[PDB]
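The figures here come from the full heavy-atom set of this structure, side chains too, leaving out hydrogens, waters and symmetry mates. Letters A, B, ... mirror the listed sequences (proteins, then strands); counts begin at 1.
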Protein chains: 4
Amino acid sequence: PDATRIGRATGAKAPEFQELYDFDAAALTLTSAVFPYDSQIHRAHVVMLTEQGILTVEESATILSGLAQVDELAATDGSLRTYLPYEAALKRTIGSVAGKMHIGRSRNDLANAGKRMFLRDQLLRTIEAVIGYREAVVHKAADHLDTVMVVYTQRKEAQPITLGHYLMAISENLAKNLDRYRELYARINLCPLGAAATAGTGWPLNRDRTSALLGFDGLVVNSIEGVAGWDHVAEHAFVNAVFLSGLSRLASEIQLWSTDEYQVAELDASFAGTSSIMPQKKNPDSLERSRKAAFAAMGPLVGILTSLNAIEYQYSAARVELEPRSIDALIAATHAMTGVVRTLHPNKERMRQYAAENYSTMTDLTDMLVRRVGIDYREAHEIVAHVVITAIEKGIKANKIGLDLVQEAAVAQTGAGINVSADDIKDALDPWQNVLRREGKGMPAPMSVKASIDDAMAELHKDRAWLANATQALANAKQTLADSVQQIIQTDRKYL
Amino acid sequence: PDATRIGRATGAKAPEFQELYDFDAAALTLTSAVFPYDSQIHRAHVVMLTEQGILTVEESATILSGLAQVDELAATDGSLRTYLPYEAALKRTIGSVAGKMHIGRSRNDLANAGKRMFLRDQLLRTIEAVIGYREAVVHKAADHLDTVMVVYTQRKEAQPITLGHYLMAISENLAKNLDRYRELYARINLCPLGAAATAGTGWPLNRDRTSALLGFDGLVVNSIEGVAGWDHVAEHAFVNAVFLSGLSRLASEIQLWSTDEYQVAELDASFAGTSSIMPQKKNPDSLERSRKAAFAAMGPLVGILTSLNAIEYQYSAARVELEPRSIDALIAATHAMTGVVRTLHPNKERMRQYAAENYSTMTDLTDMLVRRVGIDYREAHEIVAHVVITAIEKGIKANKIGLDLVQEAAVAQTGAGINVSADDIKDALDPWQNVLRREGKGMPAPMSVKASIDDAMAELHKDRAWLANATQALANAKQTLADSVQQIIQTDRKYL
Amino acid sequence: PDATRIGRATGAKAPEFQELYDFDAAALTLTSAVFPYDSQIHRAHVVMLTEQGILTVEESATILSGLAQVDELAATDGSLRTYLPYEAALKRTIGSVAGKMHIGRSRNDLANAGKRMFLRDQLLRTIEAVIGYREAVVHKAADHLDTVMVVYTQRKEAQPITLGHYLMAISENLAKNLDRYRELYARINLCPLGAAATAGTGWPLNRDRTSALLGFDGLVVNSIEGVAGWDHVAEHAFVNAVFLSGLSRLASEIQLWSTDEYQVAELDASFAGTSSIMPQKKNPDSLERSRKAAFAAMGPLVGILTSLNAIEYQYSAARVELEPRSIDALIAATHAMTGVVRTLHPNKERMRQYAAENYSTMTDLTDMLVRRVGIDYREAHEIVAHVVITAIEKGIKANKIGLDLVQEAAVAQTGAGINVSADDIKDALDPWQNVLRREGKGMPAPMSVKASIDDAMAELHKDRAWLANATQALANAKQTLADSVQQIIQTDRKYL
Amino acid sequence: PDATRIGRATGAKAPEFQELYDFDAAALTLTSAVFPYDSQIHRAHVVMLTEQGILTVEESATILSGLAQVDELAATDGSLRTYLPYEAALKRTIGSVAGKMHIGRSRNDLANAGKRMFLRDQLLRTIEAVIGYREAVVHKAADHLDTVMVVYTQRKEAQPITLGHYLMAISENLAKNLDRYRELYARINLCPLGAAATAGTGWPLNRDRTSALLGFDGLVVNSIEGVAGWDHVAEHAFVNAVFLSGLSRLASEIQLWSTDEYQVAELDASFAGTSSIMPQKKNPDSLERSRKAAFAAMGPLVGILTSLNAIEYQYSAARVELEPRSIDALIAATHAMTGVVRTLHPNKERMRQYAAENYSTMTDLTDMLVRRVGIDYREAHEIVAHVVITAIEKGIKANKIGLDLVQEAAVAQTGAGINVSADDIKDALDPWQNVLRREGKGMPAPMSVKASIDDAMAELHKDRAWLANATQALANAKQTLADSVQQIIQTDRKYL
């Protein structure tokens with residue numbers, strides 16, 4: 001445990017919590033993050049040129065062996081991570097044949113392809129983390145089917161639910177965001193190589209080959225769109241922003257739960273900090289830095305769209321990027337909230353107490369009057385509203401409101417009495433009966449939530465299966481490319 | 001023609017152009033736009049309550065007849081277009097039974113459903129307009145397979161293409177945006193009714209029935225998500241923003257084409273204005289107001305996401321909306337650019353002249369040296385760069401560069417001569433040969449572009465078919481609801 | 001009271017509250033808002049032309065009388081509120097001499113001047129409302145110098161303060177925002193007339209005269225800057241956004257205070273609503289619609305800056321505007337929060353109770369150990385942190401922590417005892433003594449806050465004086481212009 | 001010259017150009033940028049505690065000597081750059097007395113003060129760079145009083161001006177932005193130390209002393225505002241964004257000037273790049289990366305304001321920061337555009353040619369008809385518009401339009417002839433006479449622009465004087481603090 005773990009900040013920070021403090025100093029520049037993908041593009045482009053007869057196997061093998069050498073130099077020399085200095089280092093290593101690797105190619109389609117491969121890997125990384133986020137949310141829900149508590153609207157107690165019911169709302173939010181990310185992946189995972197500067201080339205390239213060797217699923221067909229297309233960058237920034245906004249809302253929800261006044265939940269010690277001056281603080285540092293990441297995600301979205309609004313439909317060096325440190329912040333926040341949800345400690349007795357005492361059961365009292373004594377809904381509302389006004393005025397908790405108070409309210413509001421028993425009123429005000437009566441689809445009754453959990457468990461299986469399939473497709477292509485490179489270098493070494 | 005049609009502003013404004021001036025004063029408030037959908041929800045909810053036995057057929061028919069009456073009052077009384085004043089007008093019309101239409105319902109899920117139905121209709125309206133935009137772009141492309149012109153990168157002449165090739169880049173951009181809109185529609189077209197305040201209800205509703213009567217394809221299952229879910233609003237705002245950013249880039253592209261210095265295109269008179277003080281102006285008012293709409297679309301996107309980042313995962317009156325005047329601006333801009341593209345007049349001779357004279361053919365000269373005399377690509381680049389530096393210095397247009405100038409550049413740069421003929425150089429510098437040599441996938445050669453046009457023509461057929469299917473589904477549901485309402489009112493009038 | 005005033009929504013909405021519901025349907029378009037200022041510019045320009053000898057007094061009087069006539073037509077004919085249709089209506093009224101009012105002028109500098117005059121009036125309107133906001137905040141503070149309560153950091157109870165101390169934080173925030181608005185006014189209140197299209201004119205205008213007649217304090221000198229300058233629009237949008245963000249933070253603060261769990265404040269009935277289904281709701285509709293206005297203000301700021309980033313330094317029809325409905329939303333939110341602050345009802349007993357019982361007094365216990373028994377600050381912190389951990393574990397409220405609990409914590413943490421009396425501990429934990437001990441500058445002790453109130457009362461006097469001076473300058477100029485117009489029309493009628 | 005300097009990319013990149021490529025990899029984290037200011041705060045706080053008698057001179061000297069030691073450790077150990085790990089390293093060095101440096105202090109007011117000192121230094125750095133930007137713009141203008149060229153509106157040639165006239169528009173823009181930065185500095189340069197956690201302290205601090213030792217000009221008085229105030233961060237982000245938007249507009253303007261079609265300006269070789277595939281490219285890489293920086297500046301502004309809209313008026317770890325790499329991007333872009341403006345090469349002959357031939361002189365022809373033959377302004381406009389329509393139709397350049405063409409247009413449009421000479425028409429169409437006739441305030445006539453240059457030269461002197469004064473105030477305080485530290489350490493070493 002480091003020096004911030006003093007007083008009530010007991011134990012060490014959870015590693016998910018620690019990520020929130022580390023990502024910024026640890027993030028790569030976009031140039032350094034994309035550089036390893038430029039190397040892969042060089043090999044796939046050279047292999048494709050070799051299959052097309054633009055390069056001989058001897059030329060190809062000289063280039064490919066040199067790529068490995070310059071790749072090793074650039075591991076410690078950042079100046080070799082942009083195209084032309086890299087090419088010049090390659091030319092100093094293997095000679096003038098290094099220049100031939102740029103046949104039919106530009107920096108424009110090379111940079112668009114490399115950025116796509118970077119965002120592609122970061123997209124699967126994101127999808128993996130959001131799946132783990134949803135897993136923690138669903139698995140937590142399954143343990144709280146009977147954890148009765150109030151739900152809020154406008155930050156006011158509304159009606160009784162369960163913690164499991166609340167968490168499945170988050171699960172449905174995450175399922176739709178996973179669809180957004182998967183829909184985006186289909187547009188990110190297209191290869192623009194072969195567009196060259198913006199208009200293709202007279203060299204007889206095989207664009208499908210280059211695309212396949214790099215794991216892309218299809219082509220960015222039109223060559224202008226290949227170098228000028230940037231909407232997938234804006235879309236990636238947007239889904240990041242809207243997903244994180246839902247994460248901010250849950251962090252904010254848990255933060256209010258764990259205020260000194262609510263006290264219906266408490267953060268795990270490993271996800272809280274304290275003050276150096278106020279020893280009583282158990283601070284939601286994990287929650288607030290997670291929200292901060294969500295707020296910061298607005299930045300790339302606006303910058304990218306602003307740059308697109310400011311140019312023509314051309315290749316342009318003025319377009320704003322989605323940078324590694326932005327995605328790194330998202331992953332840190334997602335992991336932190338995963339651990340926050342997993343380790344959250346609800347005060348079940350305080351939750352039930354608020355539900356039973358603070359008048360969220362009044363809707364069921366109103367519905368009972370309408371459904372049992374058959375008064376108009378507005379008139380039942382006016383009676384129960386008077387009940388609450390009086391109960392508050394006299395200090396009577398909701399689970400102490402009885403037949404007398406209801407009748408005086410009726411008489412006070414309608415002149416007439418009311419035709420109900422004390423048992424009917426008691427069952428209307430029982431908060432657990434409130435939950436059980438709400439047994440429709442998507443409602444908090446345990447059997448309803450359990451059905452939602454069964455559906456989410458099945459959908460999570462599809463989520464992991466999609467991620468596994470997309471990951472293996474990239475791994476298989478990366479292996480085919482590596483095999484092709486060895487075949488060319490070894491064959492030239494031994495038989496040519 | 002109005003009073004702005006003076007001097008070079010001849011004829012009347014195209015009606016698509018005129019839309020850009022009218023939408024703001026003509027736009028409805030969100031309340032007035034959503035109100036007709038609240039009326040439909042009332043009927044569908046009441047019908048569902050009747051099928052469930054919560055309302056008798058007599059109660060149902062009294063309510064339904066009263067809804068038509070209050071609907072007629074609210075046509076001229078805006079104060080009756082929010083829920084509770086509407087309900088009070090209904091209660092003054094048919095009596096206290098009006099209160100029963102709110103059984104098992106809240107304003108929270110009513111407003112979420114109504115806003116969805118509004119955005120749903122506006123989404124099909126948007127998809128229709130974007131289809132018409134893509135239609136004008138593809139059909140224009142088919143008439144310019146041989147309209148040779150330069151493409152630009154970084155606002156500098158790059159290589160020769162055709163106008164048809166350029167327009168098919170826009171078509172590919174629009175196809176992906178149509179996917180974004182259709183993906184969004186699947187999330188917008190879910191029914192949150194039955195969530196009531198946030199936690200469902202003990203009343204035995206049939207949520208699938210209410211959803212079907214209103215044309216929704218599925219449910220927003222979880223009841224918290226039903227009233228708290230707002231990501232589809234942010235997503236709708238985003239796709240609007242990213243689509244319009246592509247529209248801004250094309251408007252900007254056409255604006256540079258039609259500058260007094262480029263002069264490669266001229267706006268149709270019906271899409272241009274003029275100055276009251278400078279009589280020589282033919283101003284791109286249509287283009288700049290279209291870009292203005294794209295810039296303004298950033299606003300709702302940021303406001304909506306900011307409001308989501310600022311709350312808990314609850315129903316909240318603090319969430320920012322996507323308003324009718326924002327969508328109205330998008331439609332006006334899309335229609336205007338549809339007409340701009342349809343009626344655009346390119347100066348084909350000036351386009352060819354720039355391609356032939358301003359050195360965009362230098363890549364093919366460089367590729368010819370590498371591919372024919374077999375020099376290293378960097379060395380060919382240095383020779384052709386010297387050719388251009390000299391040609392500019394001496395005032396020699398690209399289509400006048402001959403064998404001499406190329407050899408002196410070679411000698412000046414390599415000491416050695418060069419092993420090419422004047423015919424090889426002439427064919428390298430022929431701009432139409434530049435286009436023909438680029439015959440790969442997505443490249444400007446007429447046969448390549450024609451293939452892209454064939455594909456887009458087929459995809460446009462799928463686009464219109466999707467829109468027709470989604471539209472008819474809503475029309476059929478609206479008719480079923482209307483039939484159900486008449487059955488209840490007429491049966492009660494005659495047989496009960 | 002309208003139909004939303006049911007149940008606990010007693011009485012009628014405060015008119016400041018009602019503004020939040022009315023501004024959107026009542027807002028003018030920018031064109032209709034700026035039109036009356038275009039009329040004033042016409043008169044000031046014509047008068048200036050008359051002084052310069054460009055117009056005769058007879059020509060001037062014919063034009064001026066015609067301006068009044070067309071002004072009356074345009075009161076009901078919106079088509080006459082853009083320049084050229086207005087001019088054509090003027091020409092149909094008085095003849096071809098109407099064309100002479102545009103000598104040396106363009107629509108470009110006319111629109112820039114008119115928008116400035118609109119924003120100028122709306123800026124004084126804003127400054128007036130923010131002054132009233134600060135007045136309500138300071139005057140409320142003066143009545144709560146002894147209203148002890150906790151302040152929060154990270155939504156956790158921190159240390160004891162007073163409500164008056166909290167409100168003076170808001171006052172200091174508002175004082176700096178008033179400086180932002182006044183600094184902006186100096187840049188808004190410059191006249192760009194005389195720039196004509198963008199490059200001035202050969203006509204011998206007197207720009208100082210036109211500026212003075214319209215109440216401007218100086219010129220936008222350079223003629224390009226006159227028509228192309230737009231930063232004051234972006235700046236106006238920004239100050240709106242940052243001011244409202246502070247208003248959102250106070251609304252959010254009051255919303256947490258008035259949660260069912262805090263219960264340290266209650267909104268006045270005239271600033272709260274209720275639910276149609278949940279009769280127990282007293283909802284912070286005023287607070288959440290005020291925050292919504294703050295979130296929406298992000299929109300114009302981004303749209304305006306995006307449009308500026310997208311063009312050249314020219315006049316351009318693509319620039320995004322600050323529209324009346326945006327400023328209207330700000331004024332409604334400012335008025336609402338003015339009334340919210342004025343009528344807010346704090347529960348003083350609950351406030352004191354939290355301060356005394358929920359451990360915000362622990363800092364003073366820690367400071368007492370360091371200052372009295374002379375232990376290292378970290379060691380005192382570790383002892384008091386143990387006190388809190390134990391007190392929470394045993395259910396002991398802070399104002400029940402005594403000598404025993406402190407000594408056992410010392411022994412548990414240092415092995416040694418502690419050299420303090422029960423009276424020292426009791427005074428360290430007295431929350432009102434916590435407040436009194438913090439008597440430095442800007443601290444919550446009543447004498448400190450009272451000094452801050454004395455300073456703010458004096459500054460508010462300067463605020464109102466600045467507003468009065470700027471307002472009277474505009475009123476005097478508007479009268480001089482009106483007198484000049486009558487002099488020209490009457491003199492021509494009677495003596496020429 | 002590096003490996004990107006090939007072909008037409010001759011010589012080495014200007015160092016201002018090179019900054020655009022280096023700042024991102026070279027930028028510090030906010031933590032590492034603020035750390036040296038935390039060290040200064042420690043010393044100033046300890047000195048203040050010593051003057052107040054809270055620390056003895058021996059305690060003070062032990063702490064101060066230890067601060068230098070830990071400062072040296074943290075130069076290579078980034079883990080020691082947050083408060084509590086730093087304090088723990090101090091405690092391991094000098095013992096438990098290290099804990100006393102936090103008396104009456106929190107991390108909350110320490111971080112607010114340190115961030116202010118960072119932004120304060122970066123603000124003077126920004127003001128210095130913007131002054132150098134304005135210097136290059138004014139000094140360039142002084143050399144082009146007679147460089148006749150057209151000005152554009154809506155990207156169309158408008159009227160003749162001079163390059164000097166255009167640049168003075170930029171100067172007036174920069175003067176107002178310098179006012180924004182100086183107004184901000186007054187709010188940034190306030191000391192929040194003494195606020196402690198949020199509510200001050202019972203320790204008898206002297207806040208004015210701490211403020212003075214750190215160079216602040218005043219206090220953030222209220223203690224809540226001291227830790228919760230964040231508007232100066234948002235304001236700093238905004239002025240950055242609006243200033244850069246003006247820089248983007250000039251970069252965009254110069255980019256269009258230097259298109260292959262305009263050809264009225266050419267970037268200096270040291271500020272241009274080229275393509276690896278297209279040898280004819282001279283690319284505006286400096287301009288587009290400068291615009292990219294302007295677009296990216298939208299990000300921090302939105303993120304900061306979003307975070308403020310999302311919290312209460314408290315200290316909060318969720319607030320978004322203005323980070324060093326954002327300010328670094330601004331400085332790189334400002335320096336680059338400074339060098340771009342200084343070294344820009346206008347083609348004066350092409351500029352004059354466009355002015356003389358492409359009809360920007362038509363306003364003066366129209367004004368001449370009104371002022372000389374006394375026709376109505378609309379009728380003159382219709383005649384000159386017909387002149388242009390015919391001149392374009394027949395290929396007649398503006399400086400070849402003579403008496404015949406004007407008369408036929410008159411006859412074609414009014415039936416009547418026109419009463420002007422060929423000499424009157426020739427002088428109306430002389431572009432240099434157009435400039436000379438516009439001799440009012442802020443107009444392009446050389447004598448007018450020269451007056452504007454005289455005013456700017458005087459204002460630039462005030463700008464540098466303000467910067468010098470604010471800089472020396474900080475330098476003097478930093479020296480007083482250093483002297484105080486030596487006095488305490490040396491006195492304790494030798495006499496105590």
Side-chain angles (χ1 to χ4, degrees), chain A residues 29-32 34-46 49 54-55 59-111 113-114 196-197 317, chain B residues 362-363 366-367 369-370 374-386 389 413-415, chain D residues 1-15 17-18 20-22 25 269-283 285-286 289:
Chain A
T29 67
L30 179 67
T31 288
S32 297
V34 176
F35 168 76
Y37 299 100
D38 284 15
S39 304
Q40 295 302 275
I41 293 171
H42 296 327
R43 293 170 170 88
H45 184 69
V46 160
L49 295 180
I54 296 158
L55 299 179
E59 292 176 313
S60 188
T62 307
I63 291 159
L64 293 173
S65 296
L67 292 177
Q69 296 179 71
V70 181
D71 280 350
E72 184 57 45
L73 290 179
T76 55
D77 189 352
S79 68
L80 299 182
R81 292 167 189 175
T82 54
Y83 178 65
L84 283 179
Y86 182 97
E87 198 196 57
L90 188 66
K91 191 180 77 273
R92 293 191 297 275
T93 306
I94 61 167
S96 52
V97 72
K100 282 197 165 181
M101 80 155 163
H102 213 45
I103 288 163
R105 196 178 58 176
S106 166
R107 289 171 309 177
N108 299 341
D109 61 337
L110 163 68
Chain B
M362 289 299 128
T363 295
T366 309
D367 284 340
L369 300 187
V370 176
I375 43 179
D376 324 312
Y377 191 84
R378 277 291 151 258
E379 209 186 4
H381 179 95
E382 291 291 331
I383 295 166
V384 175
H386 189 105
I389 294 173
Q413 208 64 30
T414 199
Chain D
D2 70 343
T4 71
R5 310 306 299 183
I6 66 181
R8 304 190 58 197
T10 62
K13 298 192 215 77
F17 188 18
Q18 187 59 44
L20 283 168
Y21 292 93
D22 296 340
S270 63
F271 285 96
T274 188
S275 177
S276 47
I277 172 179
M278 295 168 296
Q280 85 286 353
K281 281 313 208 65
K282 174 160 180 173
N283 285 323
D285 291 322
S286 57
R289 283 175 175 278

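With sequence neighbours excluded, no residue forms a salt bridge (charged side-chain N to carboxylate O under 4.0 Å, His left out) with D:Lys281. For A:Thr29, the side chain to side chain contact (heavy atoms under 4.5 Å, CB included) partners two or more places apart in sequence, or in a different chain, are A:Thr31, A:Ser32, D:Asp24, D:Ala25.
With respect to D:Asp22 and D:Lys13, no salt bridge is recorded, no charged nitrogen being found less than 4.0 Å from a carboxylate O.
Looking at heavy atoms from C-beta onward, D:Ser275 lies out of side-chain contact with D:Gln280 at the 4.5 angstrom threshold. In this structure the side chain of A:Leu84 never reaches within 4.5 angstrom of the side chain of D:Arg5, judged on heavy atoms. Between A:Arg43 and A:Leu64 the shortest side-chain heavy-atom distance falls below 4.5 Å. Counting heavy atoms from C-beta on, the side chains of D:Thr4 and A:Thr82 never come closer than 4.5 Å.
Here CG of A:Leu80 is found 7.5 Å from CZ of A:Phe35. Values are rounded to the nearest 0.5 Å. Note that CG of A:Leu67 is 12.0 Å distant from CD1 of A:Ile41, once rounded to the nearest 0.5 Å. Note that the CD1 atom of A:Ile103 and the NE2 atom of A:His45 stand 7.0 Å from one another [nearest 0.5 Å].
Taking all atoms of both residues into account, the shortest heavy-atom contact from D:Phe271 to D:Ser286 is O-OG, 2.7 Å. What you find for A:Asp71 and A:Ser39 is that their closest heavy atoms are OD1-OG, 2.8 Å.
Between B:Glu379 and A:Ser96, the side chains place no donor N or O within less than 3.5 Å of an acceptor N or O (distance only, hydrogens not considered). For the residue pair A:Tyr83 / A:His102, a side-chain donor-acceptor distance below 3.5 Å is found, with atom types taken as modelled.
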Quiz item: Are A:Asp77 and A:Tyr86 close enough, and set up right, to give a side chain to side chain contact (heavy atoms under 4.5 Å, CB included), and what steps lead you there?
Solution: CA-CA 10 Å; A:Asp77 189 352; A:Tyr86 182 97; over 6 Å; no
